[PDB]
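Encoded as structure tokens, the following chain is the form deposited in one PDB entry, with no partner shown.
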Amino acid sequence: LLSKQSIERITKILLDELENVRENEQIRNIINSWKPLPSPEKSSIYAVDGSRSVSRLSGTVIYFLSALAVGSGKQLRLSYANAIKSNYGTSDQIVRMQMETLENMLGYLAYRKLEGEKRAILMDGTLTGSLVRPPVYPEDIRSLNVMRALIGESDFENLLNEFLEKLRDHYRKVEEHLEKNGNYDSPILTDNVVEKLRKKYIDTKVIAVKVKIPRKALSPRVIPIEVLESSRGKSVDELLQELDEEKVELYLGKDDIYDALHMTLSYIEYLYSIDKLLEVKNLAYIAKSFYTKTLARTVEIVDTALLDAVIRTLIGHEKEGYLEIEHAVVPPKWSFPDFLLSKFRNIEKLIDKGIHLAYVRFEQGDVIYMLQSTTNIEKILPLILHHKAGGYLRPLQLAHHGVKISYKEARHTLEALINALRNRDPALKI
């Protein structure tokens, strides 16, 4: 249906972005700082990615996660099937985290078995993307603070410490199955272990509820002027301190306390894979596109597509190469809580030092990709290159072809035994 009307309004929407993204500063001048893509040294490599499938049966979400790493060594796969209680946003976000947790575990364990003088892991995605806004954002920090407040700081520290220990065990256990079988169907520790931890750190201290946390634990953005007129005689600093020091009481069901715990565990388990993956000396992320909205908000960066445009339009190139981005970027302390950080020292190192960012075009008329790494693109680029075959690299292509979801594994299937076991009825609520 033609609709000559909306097209232009669309066109303009886009063109107003390109035509006007020239900044009036003309790119900042960074363009001519463009380079050719370097030589192709040699490296042993792994490309990992993920695919998920979610099905909603009424208030319960059934999902199947799959991580796979292709490259030099044998194929490795982590898989998790599971079901969760439905919250519109919070549900999706739990699943994303586990999705990333699986890949992080996996990039790492795949690095360990990676043999050669030069080892590198290739992640499909961005480092910054998950670091600026943690999936389940409001909810991970809230749960942690609820917990910290519930059982106290000191107990909490043990809870933490114990759980990390369980994580150490867990990784070693996963690794072994991977060498034996090349696959493991229980990559997620938290679901197995929440039950015991609840009875231990909570079930004792509780009665058949009310907790006090700081205001900041889930943000108004405005304040009624009464609070000001009411603070006359004080200093803005005292005010802002009272506002920060402000505390709140909450009332917590068994379900809410349970939820506070499982989130905490999940979030620790997640941050734990980040930390480990960060070991990889040569670490690479690749993405066609990312969100620039908060990126320039907490150095200035544009979008891959907008760059490519300005490339052919203004400078008439359309050719291979790359453009390094002059500034490393340092992650938000807001995202990663105070206490936890002393645990993950690679997170720590990242906050201290930064992530390296470069735009990259792999082939002649080929598109541009966004590359991030723990260390200088200068070093890491060539190794990634050593695997180039077609429009892009062999290992990467093979992770995107490989975990390319089949007709869902669980579609009529992991459902249809759920048909036979007991109740076809929830199955009916597709």
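When you see a residue number, it is the position in the sequence shown, counting from 1. Shifts are known only where both forms have a C-alpha. Here, rigid core means the biggest group of C-alpha atoms that superpose within 1.5 Å across both forms.
Not pictured, yet referred to below: the form deposited in another entry.
Chemist: Core-aligned, between the shown form and the other one, one residue among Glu246, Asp352, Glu153, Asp255 moves its CA by 2 Å or more. Tell me which.
Modeler: So the residue whose C-alpha moves 2 Å or more is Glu246.
Chemist: After a rigid core superposition, would you say the CA of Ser230 moves by 2 angstroms or more between the shown form and the other one, or not?
Modeler: After core superposition, the C-alpha of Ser230 moves 2 Å or more between the shown form and the other one.
Chemist: How about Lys293 - superposed on the rigid core, does its CA move between the shown form and the other one by 2 Å or more?
Modeler: Comparing forms between the shown form and the other one, the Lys293 CA shifts at least 2 Å.
Chemist: Look at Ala416 and decide if its Cα position differs by 2 Å or more between the shown form and the other one after superposing on the rigid core.
Modeler: Yes, the C-alpha moves 2 Å or more.
Chemist: Closer or farther: how do the CA atoms of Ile141 and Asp237 lie in that other deposited form, compared with the form shown, if the change is at least 3 Å?
Modeler: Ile141 and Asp237 sit farther apart in that other deposited form.
Chemist: Since the CA distance of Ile141 and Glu246 differs by 3 Å or more in that other deposited form, is it closer or farther than in the form displayed?
Modeler: Farther is correct, given that in that other deposited form the C-alpha spacing of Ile141 to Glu246 is increased by at least 3 Å.
Chemist: Provide the ranges, sorted by sequence, of consecutive runs with at least 3 residues in which each Cα shifts 2 Å or more between the shown form and the other one, based on a superposition on the core.
Modeler: Once the cores are aligned, runs 22 to 26, 209 to 215, 221 to 251, 291 to 294, 296 to 298, 409 to 424 are those whose C-alphas move by at least 2 Å.
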